[PDB]
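Report on the structure given below.
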Amino acid sequence: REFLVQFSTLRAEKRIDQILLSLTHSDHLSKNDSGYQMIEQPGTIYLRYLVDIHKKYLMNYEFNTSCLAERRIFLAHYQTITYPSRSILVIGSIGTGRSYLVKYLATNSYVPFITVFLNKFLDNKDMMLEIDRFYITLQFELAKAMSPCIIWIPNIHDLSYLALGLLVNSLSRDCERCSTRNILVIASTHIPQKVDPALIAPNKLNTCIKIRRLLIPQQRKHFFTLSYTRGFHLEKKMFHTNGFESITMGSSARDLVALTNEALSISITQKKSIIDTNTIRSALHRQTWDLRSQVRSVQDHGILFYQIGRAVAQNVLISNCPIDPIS
Amino acid sequence: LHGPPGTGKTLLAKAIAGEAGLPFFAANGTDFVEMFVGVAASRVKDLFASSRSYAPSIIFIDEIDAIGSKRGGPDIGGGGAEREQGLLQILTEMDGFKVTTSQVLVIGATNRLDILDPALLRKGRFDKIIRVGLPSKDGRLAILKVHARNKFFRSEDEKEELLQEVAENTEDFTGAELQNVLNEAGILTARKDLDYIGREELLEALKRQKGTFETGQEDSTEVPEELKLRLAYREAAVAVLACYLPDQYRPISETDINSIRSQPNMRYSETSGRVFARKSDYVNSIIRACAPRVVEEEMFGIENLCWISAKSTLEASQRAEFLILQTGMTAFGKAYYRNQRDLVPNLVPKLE
Amino acid sequence: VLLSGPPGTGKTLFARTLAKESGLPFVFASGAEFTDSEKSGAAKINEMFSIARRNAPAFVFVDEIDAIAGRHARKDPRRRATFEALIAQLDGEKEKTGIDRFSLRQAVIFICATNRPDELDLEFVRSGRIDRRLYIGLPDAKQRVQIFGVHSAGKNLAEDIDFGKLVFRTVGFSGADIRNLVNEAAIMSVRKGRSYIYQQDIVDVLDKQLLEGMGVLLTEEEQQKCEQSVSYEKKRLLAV
Amino acid sequence: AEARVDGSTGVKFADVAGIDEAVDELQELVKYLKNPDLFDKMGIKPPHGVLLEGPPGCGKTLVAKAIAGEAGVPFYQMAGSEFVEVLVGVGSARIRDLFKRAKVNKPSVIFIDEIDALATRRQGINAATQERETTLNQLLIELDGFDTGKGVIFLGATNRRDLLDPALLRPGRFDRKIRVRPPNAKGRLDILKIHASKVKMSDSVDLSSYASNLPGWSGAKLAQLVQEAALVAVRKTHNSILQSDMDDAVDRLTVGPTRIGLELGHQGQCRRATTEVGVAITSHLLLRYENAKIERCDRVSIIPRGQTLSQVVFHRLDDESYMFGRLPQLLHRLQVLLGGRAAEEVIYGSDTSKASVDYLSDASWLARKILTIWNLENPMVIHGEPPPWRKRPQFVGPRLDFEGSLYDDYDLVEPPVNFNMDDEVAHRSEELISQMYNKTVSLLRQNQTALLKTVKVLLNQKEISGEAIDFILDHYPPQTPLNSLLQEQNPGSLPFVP
Amino acid sequence: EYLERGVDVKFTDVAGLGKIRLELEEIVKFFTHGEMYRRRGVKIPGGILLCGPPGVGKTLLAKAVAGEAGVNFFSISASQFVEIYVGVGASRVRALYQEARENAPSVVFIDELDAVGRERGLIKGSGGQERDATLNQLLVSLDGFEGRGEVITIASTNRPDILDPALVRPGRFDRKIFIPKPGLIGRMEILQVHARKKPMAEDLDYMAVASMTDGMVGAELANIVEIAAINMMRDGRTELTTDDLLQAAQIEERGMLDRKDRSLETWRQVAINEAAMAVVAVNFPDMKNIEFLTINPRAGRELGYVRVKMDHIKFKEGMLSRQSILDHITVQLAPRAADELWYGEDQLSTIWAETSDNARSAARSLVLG
Amino acid sequence: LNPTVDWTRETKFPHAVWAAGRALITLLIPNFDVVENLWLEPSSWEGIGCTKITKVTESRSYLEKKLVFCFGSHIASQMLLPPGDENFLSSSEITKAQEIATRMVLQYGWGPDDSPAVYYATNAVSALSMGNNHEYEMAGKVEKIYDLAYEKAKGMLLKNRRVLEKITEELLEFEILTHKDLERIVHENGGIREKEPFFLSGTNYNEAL
Amino acid sequence: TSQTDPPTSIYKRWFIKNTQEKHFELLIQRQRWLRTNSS
């Protein structure tokens, strides 16, 4: 069932206007004091440069071997790229969120994005081997037919011998021939200590990259750059002061996307385009609070003093920790 | 329905079938479950359609534990999937009972409770969960006199008095136990060619049915005088201590030395009514606990103790620890300590 | 939307008045028969969500999700396929589902409920898939009185019946329990030949249930003789 | 099921060696096989089954084949691992087919190699297990239903008696149980005579020394000995097996092959050399002076072989002296164990290393064994303690198998209750170890010249012999100054020629 | 399928019966005189269970009672019921009981019920559910619904504690008979019946053979018969005597006697060890009757041994005196006593390390017993 | 992707002290391993300060040298960091010292009295009977050797206080130091090295023959 | 529980090794509890 939906992801090729629009893309608001400057993230810059080199067909021309000048320029360029891997592994699923960066970088890639699933090769249990071999060779032939394209393989740890053979012959054959050398075989998982040492060769799925948890400045930057891309301008009072830094939480990925969507929904229901303090507070209150019937309050004042004292102490003393609301 | 094994659940189901006068559908638990999927569900839905066609009907399912077993582990063999398919199919058929068209009554019977899944017992499926427990003394009398209609006795008054006196010593016994006592007494009488059930046949049936014998060998052993003497001295010491320290509820009645046991072979006249027991009663029980070791140390010396009679002051130790810790009229305190862990290291020397 | 609470509180009433006041198609199934057999393990979830999409915008309401999203779903592959299908239909991501994430056909609200909120997986209650959680609890005394009036309207009550003096005896009772109590009082009303149902019928029903709760099934005659069997002084101690 | 029906199996009772007791017991089976009439007239019930239990490579299959060859009866061979399948019931069908083909040509012998494959015990520590139980049921039914008058003897060869079900050990199925002990010195001698007739042999090879100096080696291991000797002679292009090539095969299979140029620093070899030479010197001195009941040094090496950076070779004595280990014998062996640390303490002064730690652990455990397990001293002890660490008895390193083994308590342990005598046992062990350490260091420090000269000679030659150590000990008497060694033109020079 | 042919075993074929045989013929009476049993109003007890040590021949008793009853005999292994598939075992039990009811009157035998009679809730697996299903099916076909009054089940187990108390409920398994180990006369008659098929002599006394091999099962006596055939052709005598039986029993209880090379001091050490044991034993009451004394090494024991046969009634019941254990500890310590008194304190050996720990273990068991 | 802290001297001062103390105590031990490079990496998860050390049957003296070296960052942070600002940086080393000392008492027998008593082996799962009151004695021995290594480190680290201050400020102002730079610092400012033979206690030291 | 089969050879012990094993563990646990709850 997966072959039909991955065969129809691009039944028609990208139009000239679409390719021309994608070929002239820009940086889009990195140099702001509120969101995601240059030095904040080096890995995404490297992935952006890799996919940009993939876009302009700058990988099939692997070398020049000229007299002195173009060789020097190429050496300097290869220095600047890292500080030309045709396949890159990323191992950063210790926190949350996998697709939240892959599709975020592929939305402007303009090439067919094919995500083959390895779990389909496990639930099929001399007829199974033939069916599996035909299926995997059809996937690889379709991926070749969609050149240039980006192949994403999530959760390698599910891998069984037939797929291993397919992958090893693909990465042993399609890197010195098969003219479209720019076929990215990017892959992600959450356990790096179980992969076999035969799949970490320099010619076979090298350059591992880590993804860590999100810190508070990174949370603010990601929230701002996620709210701004939908025409919603952040009001110049919370990122202009210490307003929403002291109330923000959800220090993980996929916890800011839902918060951003809830805040945008709340502002849309008010027919507004700016987000104030109250909208963020009402969005945070709707995620970490449970709706309840048969409501009853505290009948003994005296636990109220406990909460008041703890909150005052946590406010004045620990100036780098949140305060949950008291009720 | 559920309860102790062999309490008469099948007899109650047969009584329901007989006295109902309604179309009765006897089924089985493990009849439906097989290795091939779909057979159990098809069988049960055919049964349910048949009961709906013949409404009103009494569908009885013996031993629902076969299919009603709760998931308590990974079913690698795959039969658990068939069991759950059948179970959920029974649940859907039960929930498909509209009150205006289906007068079908489900009668369950099981010997276990903890292995059942708490969805059949939910509302709309099993509302009434009754339990037939062990009958009382009147209930025991009723079941033994019901089981003794075809049973030939010397006279009606003699039969009645024998039934009453066996009813007074058959405590903690279910209907199967009393029926088997009567059955074994009949076996003894037919073997001995006696046309009526004598008293000694009831006595031997009771002796067999409580499992007094465990060796099960040819009882022909020349007991040395050194053993008859030890048993006689132990029994006499127990008699002397019991007469000197009178227990208000267990007077000594009979005494034999014909058996080797860890405990003395004494018999007490049990009178129910132990609501209260004073500290003096606990002290007297402690004194009575350690009689054989004292008597064997007195007459025969320390170097002649048995392995059994020296394992008698240990029970006195347990009883004294019970008195100190779990009764609370000593000077140890007025708390109730359960021996496992609420014994802080300060109270250990005091207890010792 | 994740509903939670004790069973029998009328969790279906919330969804039904949801459908009634909202005026939408309401796709409703049960999660027990989704791990049915080998003919269609996870295809029922897919056809469920396809019917929901084809009639979108609408609601999706599934009963006893703990039988699907339980903590033992990753052990059984048959459970795992169903859970993966459910969690894939829960989101967008056009591949493997073949539909635009933002569309009228994707305006579907997934209502789920169970009786054991802590038994569900950590990745199913995550925000983005399950956003709001409603906790419905047992009613209190006045709602119990109203339910007693509602479920006993079509019965011949006496003049001395008043449930306001037995609210303390029915703590933790659900609507099904109050209905069973009324039916119990009616049955022991007709058993004793009584035409109506006074307060004493309800008192006797509650008292007999309490007596049965510790495993005492005795009629009046056997209870009387067993009371007469015990002596006087050892009853005098229990009296003090 | 191609059960080979061979009229002549090709091996007889002259091809087996070292199995004298078992073949003498099986001579009754051979007599039953060749003529059962005199057995039948007097009324014997012959054994329904005979179970051959023993170590691998001892030729139990060869024993059964020789029985069939001498008896002149067809031999049915099909291993236990041939009874395991995926489909259910096929193994029982194969059992029935093999049994009925045996009943066709009576008398006949049924042999099942590795019978424990189908007869695994239901240990309480897929459908294949049900197949194993059904095959076991069919086999026991066929064995119990076998009338003894038709003379079909069934043989079962196993490597482990513990995993085999006790139902087969019940009389009526396996009446006879024969152990196949590893061949003795005469047995290994005869196996060497048999296997040496197949390859070209020189007169310089003395197989008696090889049979005596290779204890517990199976017949297949002697076969691989002679085969690797042949291949070594092929590698050296020798026309026949020389004694040097035979010893080369010995050091190839015992300790392992020699590496090429893999050496550590000059300090990493001096410490190992000092330890091994000190152990050898203590052993030789205890042999010379007090006439201990201990072993003798053969050769000491620091050339890395296998996974040992250095090695000292000790002969193995006769087992009759390995039963009543007295206190003095254990004390001298324990002194031999601390000889290494004595060498590090006298040569390096006070900077010892980690090369002698294992000998220290062995000494510490055998002190406890002397104290607690054997209770050789005479304060009586209430309990023994199991070894926290277990090292198997092994090759050229110190024997540690004088009482069968060192790290094996004979189930002589109990959990302790009193914790005040445990410290007195620890103090007694510390006192014994410390006193014994001072005695061994005092005896070794009295001879620094012989120790230093042996270390230098072994460092120069990378290998020394026991006779060379004896020559150094004789030519360097006690209490001679170290300057006598230090004035020599070459301290690592050996003027003695073997 | 589960029906066997040629059941000719009777009570004469089996020895060591005793009063249990009476119960056995009672079963025969249940199959013959049941008319007056049901005339008086007695329901025939379907469940009879033989419990005892293995090798006593419980299945042989089943064949005997089936042959004497003169009915159809079913002998089914309980290991076939447990399987990786579910439902098939229940159908197997259904077919078994259906063909037993169709072949009425008949007796059915199932051996080793511990495999399938295990209490439910002890193992977590599909095999446990299949075992529960088979147990439920056999329970229903035993007592569940009406329809059986003629088929009687006989069973043979070893451990009675493992069985489900639901099975032990009267009307399903109410007759519980224990088959003890044969005593003195029982071993005599078992040896006689197992030796009737071979030509014996008139001067053959089984009393010494029975007293020599004490505390052994009937299968071991059949084994003694089996080692009464193979070992006389080495010398080639005329007729079997009691000496061969005594040597066969000596070989069986310890092992085969093998001779190896030995020095003089080793023989002296084993001799003084055995002398220590016997000499300290003869002065004590519980170990006074030393009958054999040899230093010959046997299988597993390179030492010798001392043979005593004390009274075996007080030991089983527990009526051993405190002095009876202080004497045994002295006996175990006396090898070390002889070693110390002969070779000195400084030359203690390690040959007595097996008795020196038995003494301390006995002392430890005494002080906290 | 992001550093967890800014590049201010108040943050890098504990890490500079840590690295400088470790490098100095590496330098002052004779015949020990050689420190090569020191730097302050802004985005290292192990810590801001990083130190490269290249190693030169390990004898008793090598283990003693390692044990006394295991105190350098802790003692440097003790003289240099002001009160009110402590570190959890040296803890991962100090437990290593807590690992090292017992090894000469249980495993190798290099105890305070050069006793051949061995109670632990490489493949052992537990120890011997060990007594009940005998454990206090060996515990005192282990605390003795640990304190002896600590006092040796303190004595040979407090005599290079100004050199340590120099190394800290050069590390703070240059962010890169090499072995040649450390040699220059310990030469100009008067660093005093230790001399062979190196022992924790000279009361039982002997000389090889 | 005193090794009900009598030993015909004196070499065998009168008690099984696993007879008094729960009491040893009970005493060890009690002593360890007293030792740990005092320091």
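By order in the structure tokens, chains are A, B, ...; within a chain, residues start at 1; ligands start at 1, following the order shown.
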Can you pull out the residues contacting residue 12 in chain B? Cut-off 10 Å, using only C-alpha atoms, and skip same-chain residues under 6 positions away; I want them as a JSON list (two decimals) with N, CA, C and O atoms, in the first residue's frame.
[["chain", "number", "residue", "atom", "x", "y", "z"],
["B", 1, "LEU", "N", -22.75, -17.52, 39.07],
["B", 1, "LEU", "CA", -22.59, -18.27, 40.30],
["B", 1, "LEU", "C", -21.14, -18.71, 40.45],
["B", 1, "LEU", "O", -20.43, -18.98, 39.47],
["B", 18, "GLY", "N", -34.59, -28.34, 35.82],
["B", 18, "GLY", "CA", -35.76, -29.14, 36.13],
["B", 18, "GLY", "C", -36.99, -28.35, 36.53],
["B", 18, "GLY", "O", -38.09, -28.62, 36.04],
["B", 109, "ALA", "N", -21.41, -20.30, 35.95],
["B", 109, "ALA", "CA", -20.92, -21.14, 37.03],
["B", 109, "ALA", "C", -19.41, -21.26, 36.89],
["B", 109, "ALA", "O", -18.92, -21.67, 35.84],
["B", 132, "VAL", "N", -22.72, -19.45, 46.46],
["B", 132, "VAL", "CA", -23.21, -20.49, 47.36],
["B", 132, "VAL", "C", -22.06, -20.97, 48.23],
["B", 132, "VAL", "O", -21.21, -21.76, 47.78]]
Quiz item: Within 7 Å of residue 185 in chain D, counting only C-alpha atoms, which residues qualify if same-chain residues fewer than 4 places away don't, as a list in words?
Solution: residues 189, 211 and 212 of chain D
Practice problem: Quick one: everything within 10 Å of residue 11 in chain G, counting only C-alpha atoms, minus sequence neighbours fewer than 5 positions away in the same chain. Send it as a VMD selection string. | Solution: chain E and resid 277 303 to 307 331 to 332 354 to 355 358
Self-check item: DSSP alpha helix (DSSP H) residues within range 175-316 of chain D, as a PyMOL selection string
Solution: chain D and resi 185-196+207-212+219-235+243-254+266-288
Determine which residues of chain G sit within 12 Å of chain F, taking into account only C-alpha atoms, and present them as an mmCIF file with N, CA, C and O atoms, in the first residue's frame.
data_model
loop_
_atom_site.group_PDB
_atom_site.id
_atom_site.type_symbol
_atom_site.label_atom_id
_atom_site.label_comp_id
_atom_site.auth_asym_id
_atom_site.auth_seq_id
_atom_site.Cartn_x
_atom_site.Cartn_y
_atom_site.Cartn_z
ATOM 1 N N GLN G 31 20.570 -10.306 62.038
ATOM 2 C CA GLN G 31 21.854 -9.735 62.432
ATOM 3 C C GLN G 31 22.255 -8.578 61.525
ATOM 4 O O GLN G 31 22.783 -7.566 62.000
ATOM 5 N N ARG G 32 22.015 -8.711 60.218
ATOM 6 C CA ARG G 32 22.337 -7.634 59.288
ATOM 7 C C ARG G 32 21.460 -6.413 59.536
ATOM 8 O O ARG G 32 21.938 -5.276 59.455
ATOM 9 N N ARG G 35 22.855 -4.733 62.580
ATOM 10 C CA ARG G 35 24.111 -4.054 62.274
ATOM 11 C C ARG G 35 23.871 -2.764 61.497
ATOM 12 O O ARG G 35 24.489 -1.731 61.785
#
Quiz item: Please, what distance in Å, to one decimal, runs between CA of residue 143 in chain E and CA of residue 134 in chain B?
Solution: 19.4 Å
Self-check item: Shell around range 75-83 of chain B at 7 Å using only C-alpha atoms, local window under 5 positions removed, as a ChimeraX atom specification
Solution: /B:33,35,37,67 /E:84-86,125-126
Only N, CA, C and O atoms, please: the residues just picked out, written as a PDB file, in the first residue's frame.
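Output saved as result16.pdb:
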ATOM      1  N   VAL B  33     -13.403 -23.002  22.498  1.00  0.00           N
ATOM      2  CA  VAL B  33     -12.053 -22.545  22.185  1.00  0.00           C
ATOM      3  C   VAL B  33     -11.263 -23.646  21.487  1.00  0.00           C
ATOM      4  O   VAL B  33     -11.177 -24.786  21.967  1.00  0.00           O
ATOM      5  N   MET B  35      -7.815 -24.033  18.235  1.00  0.00           N
ATOM      6  CA  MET B  35      -6.700 -23.349  17.591  1.00  0.00           C
ATOM      7  C   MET B  35      -7.138 -22.501  16.406  1.00  0.00           C
ATOM      8  O   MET B  35      -6.575 -21.424  16.180  1.00  0.00           O
ATOM      9  N   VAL B  37      -9.317 -19.919  14.397  1.00  0.00           N
ATOM     10  CA  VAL B  37     -10.129 -18.777  14.799  1.00  0.00           C
ATOM     11  C   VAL B  37     -11.475 -18.804  14.081  1.00  0.00           C
ATOM     12  O   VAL B  37     -11.619 -19.326  12.969  1.00  0.00           O
ATOM     13  N   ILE B  67     -12.963 -19.434  28.791  1.00  0.00           N
ATOM     14  CA  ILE B  67     -12.923 -18.340  27.823  1.00  0.00           C
ATOM     15  C   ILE B  67     -12.855 -16.980  28.515  1.00  0.00           C
ATOM     16  O   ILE B  67     -12.414 -15.997  27.915  1.00  0.00           O
TER      17      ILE B  67
ATOM     18  N   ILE E  84       1.354 -27.277  22.141  1.00  0.00           N
ATOM     19  CA  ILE E  84       1.479 -25.871  21.778  1.00  0.00           C
ATOM     20  C   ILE E  84       0.186 -25.329  21.177  1.00  0.00           C
ATOM     21  O   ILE E  84      -0.030 -24.111  21.175  1.00  0.00           O
ATOM     22  N   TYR E  85      -0.689 -26.199  20.680  1.00  0.00           N
ATOM     23  CA  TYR E  85      -1.985 -25.798  20.152  1.00  0.00           C
ATOM     24  C   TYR E  85      -3.063 -25.982  21.212  1.00  0.00           C
ATOM     25  O   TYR E  85      -2.982 -26.877  22.057  1.00  0.00           O
ATOM     26  N   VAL E  86      -4.077 -25.124  21.161  1.00  0.00           N
ATOM     27  CA  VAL E  86      -5.172 -25.151  22.121  1.00  0.00           C
ATOM     28  C   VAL E  86      -6.392 -25.784  21.469  1.00  0.00           C
ATOM     29  O   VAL E  86      -6.536 -25.793  20.241  1.00  0.00           O
ATOM     30  N   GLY E 125       1.821 -18.495  30.468  1.00  0.00           N
ATOM     31  CA  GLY E 125       2.072 -18.810  29.075  1.00  0.00           C
ATOM     32  C   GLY E 125       0.869 -19.480  28.453  1.00  0.00           C
ATOM     33  O   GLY E 125      -0.097 -19.828  29.141  1.00  0.00           O
ATOM     34  N   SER E 126       0.942 -19.653  27.131  1.00  0.00           N
ATOM     35  CA  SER E 126      -0.141 -20.311  26.406  1.00  0.00           C
ATOM     36  C   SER E 126      -0.275 -21.775  26.805  1.00  0.00           C
ATOM     37  O   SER E 126      -1.383 -22.329  26.776  1.00  0.00           O
TER      38      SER E 126
END
Self-check item: Shell of 10 Å around residue 75 in chain F, only C-alpha atoms, local chain residues under 3 positions omitted, as a ChimeraX atom specification
Solution: /F:17-18,21-22,25,70-72,78-80,90,150-151,153-154,157-158
Quiz item: Please, which residues of chain F lie no more than 12 Å from chain D when the count uses only C-alpha atoms, and can they be set out as a PyMOL selection string?
Solution: chain F and resi 56-64+103-104+106-111+113-137+197-209
Practice problem: Would you please extract all strand (DSSP E or B) residues from range 255-306 of chain E, as assigned by DSSP on the backbone, and give them as an MDAnalysis selection string? | Solution: chainID E and resid 290:294 298 301 305:306
Any chance you can output those residues with C-alpha atoms as a PDB file, in the first residue's frame?
ATOM      1  CA  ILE E 290      28.852 -53.107  62.052  1.00  0.00           C
ATOM      2  CA  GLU E 291      28.491 -55.942  59.532  1.00  0.00           C
ATOM      3  CA  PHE E 292      31.035 -55.098  56.813  1.00  0.00           C
ATOM      4  CA  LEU E 293      34.405 -53.339  56.825  1.00  0.00           C
ATOM      5  CA  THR E 294      36.417 -52.899  53.644  1.00  0.00           C
ATOM      6  CA  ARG E 298      34.505 -48.173  44.630  1.00  0.00           C
ATOM      7  CA  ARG E 301      34.461 -43.278  46.601  1.00  0.00           C
ATOM      8  CA  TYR E 305      33.215 -47.711  54.084  1.00  0.00           C
ATOM      9  CA  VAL E 306      31.680 -49.166  57.234  1.00  0.00           C
TER      10      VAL E 306
END
Practice problem: Please determine the contact residues of chain C with respect to chain A at a cut-off of 10 Å, counting only C-alpha atoms, and supply them as a ChimeraX atom specification. | Solution: /C:3-5,77-78,81,93-98,126-129,131-140
Export of the given selection (N, CA and C atoms) as a CSV table (one decimal), in the first residue's frame:
chain,number,residue,atom,x,y,z
C,3,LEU,N,-11.7,11.6,27.4
C,3,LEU,CA,-12.6,11.5,28.5
C,3,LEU,C,-12.1,10.5,29.5
C,4,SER,N,-12.2,10.8,30.8
C,4,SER,CA,-11.7,9.9,31.8
C,4,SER,C,-12.7,10.0,33.0
C,5,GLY,N,-12.6,9.0,33.9
C,5,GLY,CA,-13.4,8.9,35.1
C,5,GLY,C,-13.9,7.5,35.4
C,77,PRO,N,2.3,-7.8,18.2
C,77,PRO,CA,2.3,-7.1,16.8
C,77,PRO,C,0.9,-6.8,16.3
C,78,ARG,N,-0.1,-7.7,16.6
C,78,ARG,CA,-1.5,-7.4,16.2
C,78,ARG,C,-2.0,-6.1,16.9
C,81,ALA,N,0.0,-3.0,15.2
C,81,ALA,CA,-0.5,-2.6,13.9
C,81,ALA,C,-1.7,-1.7,14.1
C,93,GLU,N,0.3,14.7,7.6
C,93,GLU,CA,1.5,14.1,6.9
C,93,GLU,C,1.1,13.3,5.7
C,94,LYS,N,0.6,13.9,4.6
C,94,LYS,CA,0.0,13.4,3.4
C,94,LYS,C,0.4,12.0,3.0
C,95,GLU,N,1.7,11.7,3.1
C,95,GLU,CA,2.2,10.3,2.7
C,95,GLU,C,1.5,9.3,3.6
C,96,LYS,N,1.2,8.1,3.1
C,96,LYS,CA,0.6,6.9,3.7
C,96,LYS,C,-0.9,7.2,4.0
C,97,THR,N,-1.3,8.4,3.8
C,97,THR,CA,-2.8,8.7,4.0
C,97,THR,C,-3.4,9.4,2.7
C,98,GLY,N,-2.6,10.0,1.9
C,98,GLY,CA,-3.0,10.5,0.6
C,98,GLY,C,-4.1,11.6,0.7
C,126,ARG,N,0.3,12.6,24.2
C,126,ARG,CA,1.1,13.7,23.9
C,126,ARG,C,0.3,14.8,23.2
C,127,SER,N,0.6,16.0,23.4
C,127,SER,CA,-0.1,17.2,22.8
C,127,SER,C,0.1,17.2,21.3
C,128,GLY,N,-0.9,17.5,20.6
C,128,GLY,CA,-0.9,17.5,19.2
C,128,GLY,C,-1.8,16.3,18.7
C,129,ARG,N,-1.8,15.2,19.4
C,129,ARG,CA,-2.6,14.1,19.2
C,129,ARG,C,-3.8,14.0,20.1
C,131,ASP,N,-5.2,16.6,22.9
C,131,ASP,CA,-5.0,18.0,23.4
C,131,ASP,C,-5.8,18.2,24.7
C,132,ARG,N,-7.1,18.1,24.7
C,132,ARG,CA,-7.9,18.3,25.9
C,132,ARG,C,-8.3,17.0,26.6
C,133,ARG,N,-8.4,17.1,27.9
C,133,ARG,CA,-8.8,15.9,28.7
C,133,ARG,C,-9.9,16.4,29.6
C,134,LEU,N,-11.0,15.7,29.5
C,134,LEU,CA,-12.2,16.0,30.4
C,134,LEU,C,-12.3,14.8,31.4
C,135,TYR,N,-12.4,15.2,32.7
C,135,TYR,CA,-12.5,14.2,33.8
C,135,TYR,C,-13.9,14.3,34.4
C,136,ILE,N,-14.8,13.3,34.1
C,136,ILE,CA,-16.1,13.3,34.7
C,136,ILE,C,-16.1,12.4,35.9
C,137,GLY,N,-16.7,12.9,37.0
C,137,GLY,CA,-16.7,12.2,38.3
C,137,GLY,C,-18.1,11.8,38.7
C,138,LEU,N,-18.2,11.2,39.9
C,138,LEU,CA,-19.4,10.7,40.4
C,138,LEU,C,-20.3,11.9,40.9
C,139,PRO,N,-21.6,11.8,40.8
C,139,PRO,CA,-22.4,12.9,41.3
C,139,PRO,C,-22.5,13.0,42.8
C,140,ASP,N,-23.1,14.1,43.3
C,140,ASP,CA,-23.2,14.3,44.7
C,140,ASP,C,-24.7,14.2,45.1
Practice problem: At a cut-off of 10 Å, list the chain E residues touching chain D, using only C-alpha atoms, as a PyMOL selection string. | Solution: chain E and resi 55+77+79-80+82-85+197-199+219-220+222-231+233-234+238-239+258+261-263+266+269+302+336+340+345-354+356-361+363-364
